[PDB]
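Everything below concerns the one structure shown next.
Residue numbers (the authors' numbering), protein chains in the order written: chain g7, 208 to 259; chain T3, 1 to 13, 21 to 230.
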């Protein structure tokens, strides 16, 4: 399990005099992730003499 | 410079539309203060979405007609000025070219009988005008010198009273609108035109507060 910062987001910018519109802005996500693993699992067989 | 305080639309505040006096040829600047009406409407103040309109309540149609001229770059142009004054009575034709409203990138030599030579300025291409006066009645003669490739378009014969395309501004910090009021030298003294201005404000979120007011531009001679 790992994390993936999707985005950072904006924070209210460059207001000279109070108009009170962009107070909090919007932040991004952290997006926890996962992932598994796999396997091969093969076999074979000879009898006793065709190998000897 | 004109200045006007707009009514605040509060239920408490001759004709109704205010008056404006102008002289033929002048180009002035007008101011209006929307502070009384837009400041209580706490928001983002005004916007640059002003809309004007011109209509005349008395025109007294002109005597002499206008005309159009066409010629290539650098080549001397010739034209007549006698067909532009169909007169009802019989009287001589005192052609005159005002040194105040003459051409801007050329020169004109007024002939003896309604003839004139427009030699455009060398290394120049565009449109140029000059305001004649056939026995008192003022009209404009427009000439466009083409840059020798194909042709140039046809200008719209600027009106008696006009507001320029983009020469206005607005200061949302103090709620003041500024624009320009131009009157061509062809306006007849005595007429009155009506100018309507539709100003729109904006709230804290992006809605509209529209405002309409009118003015009576009175074209009078001698200021």
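Every residue gets a Cβ at the ideal spot worked out from N, C-alpha and C, and that includes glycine.
Reducing DSSP to helix, strand and coil, say where residue i ends up.
{"i": "residue 42 (chain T3)", "result": "helix"}
{"i": "residue 174 (chain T3)", "result": "coil"}
{"i": "residue 217 (chain g7)", "result": "strand"}
{"i": "residue 221 (chain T3)", "result": "strand"}
{"i": "residue 125 (chain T3)", "result": "strand"}
{"i": "residue 113 (chain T3)", "result": "strand"}
{"i": "residue 153 (chain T3)", "result": "strand"}
{"i": "residue 144 (chain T3)", "result": "strand"}
{"i": "residue 59 (chain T3)", "result": "strand"}
{"i": "residue 26 (chain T3)", "result": "strand"}
{"i": "residue 202 (chain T3)", "result": "strand"}
Check the Cβ of residue i against every Cβ in chain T3 and list those closer than 9 Å, keeping chain order.
{"i": "residue 228 (chain g7)", "result": "51, 211 and 212"}
Based on DSSP bridge pairs, tell me the residues matched to residue i.
{"i": "residue 4 (chain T3)", "result": "39 (chain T3)"}
{"i": "residue 194 (chain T3)", "result": "According to DSSP, which records beta bridges pairwise, residue 194 (chain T3) is partnered with nothing at all."}
{"i": "residue 242 (chain g7)", "result": "None, per the DSSP bridge assignment."}
{"i": "residue 135 (chain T3)", "result": "150 (chain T3)"}
Is there a C-beta anywhere in chain B that falls below 8 Å from the one on residue i?
{"i": "residue 117 (chain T3)", "result": "In summary, chain B is missing from the structure at hand, where the protein chains are g7 and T3."}
Is any non-hydrogen atom of the ligand MN found closer than 7 Å to the C-beta of residue i, if you look at the structure I gave you?
{"i": "residue 33 (chain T3)", "result": "With respect to the ligand MN, the structure shown offers nothing to examine, as it has no ligands at all."}
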